[PDB]
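Report on the structure
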Protein chains: 2
Amino acid sequence: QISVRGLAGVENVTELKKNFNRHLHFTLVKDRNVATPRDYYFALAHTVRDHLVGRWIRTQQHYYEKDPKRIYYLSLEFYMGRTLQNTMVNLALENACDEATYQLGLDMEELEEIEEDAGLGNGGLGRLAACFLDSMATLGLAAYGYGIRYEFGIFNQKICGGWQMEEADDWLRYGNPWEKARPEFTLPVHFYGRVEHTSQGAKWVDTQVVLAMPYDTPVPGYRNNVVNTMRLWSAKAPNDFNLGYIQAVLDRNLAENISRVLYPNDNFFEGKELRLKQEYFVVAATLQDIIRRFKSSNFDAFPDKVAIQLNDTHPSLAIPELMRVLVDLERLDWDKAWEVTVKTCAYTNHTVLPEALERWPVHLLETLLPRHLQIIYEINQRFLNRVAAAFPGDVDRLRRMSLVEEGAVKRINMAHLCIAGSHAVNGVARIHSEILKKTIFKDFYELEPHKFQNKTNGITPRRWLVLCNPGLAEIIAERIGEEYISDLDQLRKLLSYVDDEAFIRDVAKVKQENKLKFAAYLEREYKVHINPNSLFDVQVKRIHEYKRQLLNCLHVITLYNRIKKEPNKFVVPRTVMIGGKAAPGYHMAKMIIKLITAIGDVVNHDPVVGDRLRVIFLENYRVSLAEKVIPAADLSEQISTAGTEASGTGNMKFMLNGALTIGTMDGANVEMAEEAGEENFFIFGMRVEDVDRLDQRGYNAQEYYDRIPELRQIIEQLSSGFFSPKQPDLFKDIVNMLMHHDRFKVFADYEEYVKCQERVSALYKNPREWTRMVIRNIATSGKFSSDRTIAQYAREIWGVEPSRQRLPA
Amino acid sequence: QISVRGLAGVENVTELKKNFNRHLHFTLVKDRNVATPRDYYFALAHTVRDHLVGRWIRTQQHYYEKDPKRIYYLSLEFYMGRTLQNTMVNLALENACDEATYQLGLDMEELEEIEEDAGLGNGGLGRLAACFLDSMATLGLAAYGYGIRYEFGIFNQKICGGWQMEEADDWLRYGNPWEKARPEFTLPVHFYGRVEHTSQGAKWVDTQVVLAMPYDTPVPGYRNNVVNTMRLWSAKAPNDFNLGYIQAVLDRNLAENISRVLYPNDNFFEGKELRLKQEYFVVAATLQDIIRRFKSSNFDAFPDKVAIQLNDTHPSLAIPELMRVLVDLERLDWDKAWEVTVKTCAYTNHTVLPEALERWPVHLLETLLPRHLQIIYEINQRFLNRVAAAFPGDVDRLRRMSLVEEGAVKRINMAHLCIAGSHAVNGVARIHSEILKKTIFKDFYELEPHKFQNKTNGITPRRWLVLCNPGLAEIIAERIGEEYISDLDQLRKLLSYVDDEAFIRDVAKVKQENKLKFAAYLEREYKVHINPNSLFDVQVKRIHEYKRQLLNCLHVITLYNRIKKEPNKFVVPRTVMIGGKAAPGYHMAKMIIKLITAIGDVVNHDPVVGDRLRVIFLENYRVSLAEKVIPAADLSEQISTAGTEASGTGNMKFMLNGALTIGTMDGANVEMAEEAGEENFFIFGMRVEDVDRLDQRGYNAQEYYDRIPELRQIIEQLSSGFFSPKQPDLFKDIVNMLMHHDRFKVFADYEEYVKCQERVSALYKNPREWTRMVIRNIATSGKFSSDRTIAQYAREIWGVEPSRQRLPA
Ligand SMILES: Cc1ccc(-c2cc(=O)c3c(O)cc(O)cc3o2)cc1
Ligand SMILES: Cc1ccc(-c2cc(=O)c3c(O)cc(O)cc3o2)cc1
């Protein structure tokens, strides 16, 4: 129907239908009479997968022929979402498949909805990995995603009585048609044991073996016929394992638990053994695989053929592991092995928040990875010797920079390990990268300034525009062509259309259609009635104190109280939608969810309010829900305390999809405002500098409570039980935190937020000027493409040249 | 090459090759350069599976159209072995696939060897299920095998220092291409809880739910285009299960352990909770499925549409479960529900050995299945009331016949439950069925003589002749045609060829070729040197006291001692091969294995012996090894104490494949000797009557030790450490048992065994007369086809007529 979805040729369509009917019969062992919609999804999935195979084989063949430098993206998270539509998009099969299925009397949209999300990630960090894979394939890089095939991904979130409940994400129940098991590439991973010092170096012995079995998933580039690989490792017990008999067999589960479940913490460190096992498991299996590929091309050339990107410190053990292989197994001298390691590895930092910092107790590493600890101590000694030589007598520096933290229990700072063992350390937005150099890694910067880079995050415009927002994609394509999808900078051409009446009409029309479709989706799946003519005010992201959903809650209650004070005065109608998962053990995050729903219970049922104000908690926020709600959004809420949100990526998704941003000068917000112009952005609140000023003198929340009557009223309402009639003291922990222990200074930004929100409403009253500002945002969103990001990684870190040239089909 | 393997048409071969190359590419994502032999096996497996699909869909469709009476074979064991060759055989694709693969430069035989056995069984009972499925498909019955998809089947057996070691049978590691998951047919199974008595009857509440997910495997009939279903249930935890968070996810394993591992006990009851869970799980999921199919055709008609065969007492809970559904859920009156149950269910008994009898502690059923216990007590009360009325004043009868056994702990006799709740009780050989009526079920017979039947066991001639012994199949086909494969009685026509020089030559030639091939197989896979001109003396079956491998050991040591006494005297050369698995906790069985190997260590390394005597323990005896060694055998050892082996089926396999039988008048041996003639059988030892005579007066083993010098020498050798120089007392437990606690009277049969073995050797010296006797055996083996067995089940128990008519392709 629409052009950017590709051609529906008579040949293609005939062929797709034939193969659909083939798979239904032979693959699914079903006829048309007994088939469920799930069968139909599977038939289509297999049919589309068939188009990947040739390209997948050719691409891997090609990388063998040409032997390019290989990029290894190590992450414990790949937040992939659904694969079907994305595959169709990148292969240009969407319209053909739409037509083929239509003729079979099926709605492709309905079939797409049957696919489970591969939710093998928590949030930003995980989704960045996913976007990166897409971009790396699109830019023709010989790149491999390496991670863990979790049996269970991020929990499914149910709301029960306004509270979050967690359900196991059994995503593999019905099978995964996208993966291919490679049992022939199974590799041993070792744990426990002890170190033995012989004549011929150190030997790790008496270990427990877990096997790592790889599953390969294709990563198609955008219309270039490149298909890269995501390899995820599954834990399998050896056959001699525990080998009364029955219990031995049952106890194989112990070993296989390693790949069982994704830890559901966002920007939080939990020092659990099972977590460390996951970290070693992925690192050990990957490095063996890397080295095997390399040897089928001495170690001098390793860094010319291998780049390893560490996604946060989660795979930091790659550094000691690479040393261990090089020193203990390959018998290189320390210094040479170290050179190779440093020149191979690069570290991306994702946050400065201290509770996220991985600091592993020594006693844990001692038991689990005895050899790796020795190697870490050796790295620490040699590193600290360089520091001593550069800064003679600066004993405090030595203490601050040590990989080993002294204290109650000794810990390893994995971030320090990463900086020491990497040739490049990058942040994920300009302000974040600057903060790293100014604050938490100041000492490291002073020693090795050359290591520290910026690589501002991005999002794939494939998933995050073409896929989720085809109507916007099309109207843009009608003006400026299709080239922009793989070259997002071309969106600037839209600036010359800012005074075009037809384009203004189109932008606004697409937004209205998206809103209608989302409001419909709500009624179908979660029976709730929302006004589509209202401003869609959405905050979707993990629930955190630092992300300040609470600040949003305060505004929501403010609007409510203002309506009640003056019922018969006009206000711009809003639907306020907040969505996100709390980590299961994060009490405050779980309380915030409850507050959100508790406000809804009051606001949504007040006759005086009408449909002027609605508060909706979006249940089970995940990738596939982001694809629905983001296109439908008017106002993007990016309201973290300045200095807390390293980058964000949600911010970029909304900008690309025609929502305006209300936000702080935090993370990539700063660069978005820079690109679009401050006049086209609803910037409010303290800057980083302001927060520092407040910290130096001390943050007294009472002062704000005393001086802002509107704020006082809200706190009195929370305390007295206005929002919890049956349990008047329900929200005492919220009030107490805001008043006495608020690290994120919610009250400090309250006044500027509310005022700035008034300005949003004022602009919304003028549809034409709203839409013109929207155009200025979309048209300057080009920088925030992961294509740009990966291009910068490739040139400035990995030392490879990206390519837009197509492989032969 | 050979005719019974079907046509290799130019069209067929071209088509198979095209589809092989298709699957390699699309299914396995491999090209010819990277493919392993395992890939090639998989490509062929998928290609052959493609030929099943059409027939599978049509057959199930047909059963919906015609709505025939449905047979449900409930077993906890299906010893299927490999599927590929069997599928090819039954579809007539063998030669075409041989040709197709040959042209692709591959050896099909090598690819076949890559397939894992589906070892979801222990021995006789399990293999009988498998043969039955084949026969039921071949005889056009609307039949379904129902069982458990164990993640791990019967352990793989390694010999280490002459001792059995067990390894996990991880048969699903590389995937199973034969199964199809049916998640849409997932069903809840309940455990624990408590009973609540309301106004409207009893209610089972507060239960723990496990889900049962079915996997369907095709069962092709022989060349009739019928494909029946084996449905095996897998345990899956519900998503709300245990739903800190991490542990909850990990604890899903608890629930899934139900389908994890097959209990590796042969004819032995182990009263473990996990075992009872397996028994309820398969019964609960199956009965729901049966009832669902039935309702898509009141309960009056259930037995006209449903037969349920219980394979031993393992699925005895089907009786209380059917009552529970009918009474508690469907709200039928007790008496009517009972009528339906009895008319639906039939019980096959597999042994009289008391340690095999399932006697479940009440406290276990009380906790796990509270409602089923109440129903059992109710059955018991009503049953005992009928007994009281028939035998007034016979209080002892009441005690003997009770479903509930009084004692230290109360137990339920599941065999009593089965007799009470079934319209038919059958043994598995004439002598066994008679023993049931005379001894262990005398009381039950006296009450309901009409219930007790015989159904002598059989083996499928497809697997056990055509598949494993194509050369024998062919030479038979050259004379009498191919019809015999589905009508084994036609083998009688071979009696008219007993004096044909050409046929005698052919029978002997095939035997020699089989021996050469097996002797080769030994060298390749287990580097050992055997004389192919020797008599192949084989005993393969589970290791048991009752099966008397020990008696065989005594003979072996006797031959050895005789050679040593007179080195320069001629003896017929023998290779003695004993194979079988011991249950992991069966100490005596594990000692016997050790003795066997210990004899080998002495005999096989004695220079004086030469190649006149070799003792080989066949490692990892399983279905696929039976297919190799049985065709190669000359003498079949069936030497159980009379009254112990209910039937046996190994006996029949050897008879079909041109080995002579040395054996006791036990089990089906009696009928084999009857069919072939006693003069064509090496019958020795006590009859049942003789054993009874010995028991009445008492078995004193000392008497035999005192009177038989040859026997005394052997016992002195065992005791003094002739066979265990380093550990002189290794075999004290063997000696002590034989002397003082031998339930199986090894010494009593010793003299007649050795003498009868002398007669075997004498006949072997005359090849022509040996072969003529072989022909008389093969030619009278027709009765022992499972086709005959199933035909008798169908007519005399199930009330359905078998059919040899083909379905349209
Ligand atoms: C700034 C900031 C960041 C993260 C957190 C956080 C995140 C968690 O997931 C979390 C948890 O699972 C258990 C717990 O006891 C505390 C926790 O705290 C708090 C504050
Ligand atoms: C006649 C007869 C039959 C079966 C057995 C038998 C079989 C077993 O599997 C077994 C076992 O696993 C553990 C054990 O302690 C004893 C056992 O005894 C013994 C004698």
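Residues numbered from 1 in each chain as written, not as in the entry; some residues may be left out. Chains lettered and ligands numbered in written order. Heavy atoms only, no water.

As deposited, the entry is annotated with X-ray crystallography as its determination method and 2.40 Å as its resolution.

Where we set the bar: UniProt positions are given in the numbering used here, feature names are shortened, and annotations may be inferred rather than shown by experiment.
As annotated in the PDB entry, chain A is Glycogen phosphorylase, muscle form from Oryctolagus cuniculus. The heading Function in the UniProt record of chain A holds the text "Allosteric enzyme that catalyzes the rate-limiting step in glycogen catabolism, the phosphorolytic cleavage of glycogen to produce glucose-1-phosphate, and plays a central role in maintaining cellular and organismal glucose homeostasis." For the record of chain A, the UniProt heading Sequence similarities holds the text "Belongs to the glycogen phosphorylase family."

Comments concerning the site of ligand 2
Residues and elements named next belong to chain B. Test applied: If even one non-hydrogen atom of a residue comes within 4 Å of a molecule or strand, that residue is called near it. The method behind every accessible area is Shrake-Rupley, applied with a 1.4 Å probe, and residues are considered shielded solely by the protein chains displayed. Nonpolar residues are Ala, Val, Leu, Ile, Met, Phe, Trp, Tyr, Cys and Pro. Charged residues are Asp, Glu, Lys and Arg, and all others, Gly as well, are polar. An automatic or database domain assignment provides the domain bounds reported here.
Ligand 2 sits among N265, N267, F268, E355, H544, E545, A583, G585, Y586, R743 and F744. Bound to the protein, ligand 2 loses 79% of the 450 Å² it would expose on its own. Of the residues in the shell around ligand 2, the class split is four nonpolar, four polar and three charged. Three or more residues apiece are contributed to the shell around ligand 2 by two domains, here domain 1 (1–458 + 786–809) and domain 2 (459–785).

A closer look at the packing of aromatic side chains
For any pair of aromatic rings, the description consists of the separation of the ring centres together with the inter-plane angle of the planes. All names here are of chain A. Stated precisely, the cut-off is as follows: Stacked, edge-to-face and tilted are the three classes for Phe, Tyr and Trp ring pairs, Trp counted by its six-membered ring, which pair at centre distances within 6.5 Å; planes under 30 degrees apart are stacked, over 60 edge-to-face, the rest tilted. Burial classification: accessible surface area is computed with a 1.4 Å probe over protein chains only, and a residue below 20% of its type maximum counts as buried, one above 50% as exposed, and the rest as partly exposed.
Applying the stated criterion across every chain, the model contains 56 aromatic pairs over all chains. Where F191 meets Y280, the ring centres are 5.7 Å apart and the plane angle is 80°; that geometry is what we call edge-to-face. A relative accessible area of 2% places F191 in the buried class. For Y280, a relative accessible area of 1% puts it in the buried group. One aromatic cluster is present, formed by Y72, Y144, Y146 and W233 through successive ring pairs.

What about the site of ligand 1?
Residues and elements named next belong to chain A. Residues in contact with ligand 1, as listed here, are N265, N267, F268, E355, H544, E545, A583, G585, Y586, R743 and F744. In the complex, the protein chains occlude 79% of the 440 Å² of accessible area that ligand 1 would expose alone. Class assignment of the residues belonging to the shell around ligand 1 gives a composition of four nonpolar, four polar and three charged. Split by domain, the residues of the shell around ligand 1 number at least three in each of domain 1 (1–458 + 786–809) and domain 2 (459–785).

Describing helix 29 (residues 709–720) of chain A
Every α-helix winds through 3.6 residues per turn, so residues three or four apart in the chain are directed the same way. Residue and element names in this part refer to chain A. Our working rule: Starting at the N terminus, helices and strands are each numbered in turn, a helix being any DSSP run of H or I of at least four residues and a strand any DSSP run of E of at least two. Expected span of a helix, by definition, is 1.5 Å for each gap between consecutive residues, and there is one gap fewer than residues. This arc describes the spread of directions from the helix axis toward the C-beta atoms.
Counted at 1.5 Å a residue, the expected span for helix 29 with its twelve residues is 16 Å, and the 16 Å between its end C-alpha atoms agrees. Among all positions in helix 29, only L711, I714, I715, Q717 and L718 are buried. Summarising the axial view, the buried residues of helix 29 lie within an arc of 155°, below the 170-degree limit, and thus occupy one face. The outward face of helix 29, more than 90 degrees from its buried face, is lined by the exposed residues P709 and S720.

Here we look at the pairing of strand 11 (residues 306–311) of chain B
Residues and elements named next belong to chain B. To keep things clear, this is the line we draw: Pairing between strands is defined by DSSP: at least two bridges between the two strands are required.
Where burial is concerned, most of strand 11 is hidden: six out of the six residues are buried. Of the two faces of strand 11, the one holding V306, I308 and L310 and the one holding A307, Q309 and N311 are both buried throughout. Pairing geometry for strand 1 (residues 70–74) and strand 11, over five bridges, is parallel. Bridged to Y72 within strand 11 is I308. Examined bridge by bridge, strand 11 and strand 12 (residues 345–348) share four bridges and lie parallel to one another. Considered in strand 12, the bridge of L310 is made with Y347.

Here we look at the packing of helix 22 (residues 549–565) of chain A against helix 31 (residues 750–764) of chain A
All names here are of chain A. The cut-off we apply is this: Fitted lines through C-alpha atoms serve as axes, helices being fitted only where they are in contact, and the angles separating the N-to-C directions of these axes extend from 0 to 180 degrees. An angle below 35 degrees is read as roughly parallel, one above 145 as roughly antiparallel, one from 65 to 115 as roughly perpendicular, and any other as oblique. Each crossing is labelled by how the near helix is turned from the far one, with a counterclockwise turn of less than a right angle marking it left-handed and a clockwise turn marking it right-handed. Whether two residues are in contact is decided by their heavy atoms: any pair within 4.5 Å suffices.
Where helix 22 meets helix 31, the closest approach of the two axes is 10 Å, and the angle between their N-to-C directions is 60°. Regarding the angle of helix 22 to helix 31, the classification is oblique. Crossing of helix 22 against helix 31: the hand is right-handed. Of the residues in helix 31, those in contact with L551, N552, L554, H555, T558 and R562 of helix 22 are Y750, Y753, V754, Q757 and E758.

Section: the interface of chain B and chain A
Quick reminder of the rule: By buried area we mean the combined loss of accessible area, with a 1.4 Å probe, across both parts when two parts are placed together. Throughout this description, a polar contact denotes any pair of N or O atoms lying within 3.5 Å of each other; where both atoms belong to protein, one of them has to be capable of donating a hydrogen while the other can accept it, and for residues adjacent in sequence the pair is counted only when both atoms sit in side chains.
Contact with chain B, which involves 49 residues of that partner, is made by 49 residues of chain A. When the two sides are added together, the surface that chain B and chain A hide from each other amounts to roughly 4,500 Å², 61% of it contributed by carbon and sulfur. Contact with chain A buries area across many residues of chain B, yet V29, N239 and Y245 of chain B alone supply 15% of it, more than any other trio. Taken together, chain B and chain A are joined by 16 residue pairs in polar contact. Elements with a minimum of two residues in the side of chain B that touches chain A: helix 1 (10–27), helix 2 (37–66), strand 6 (163–167), helix 7 (245–250) and helix 8 (252–256) of chain B. Top element by residues in the side of chain B that touches chain A is helix 2 of chain B. It accounts for eight residues. When the residues that make up the side of chain B that touches chain A are grouped by side-chain class, the tally is 23 nonpolar, nine polar and 17 charged.

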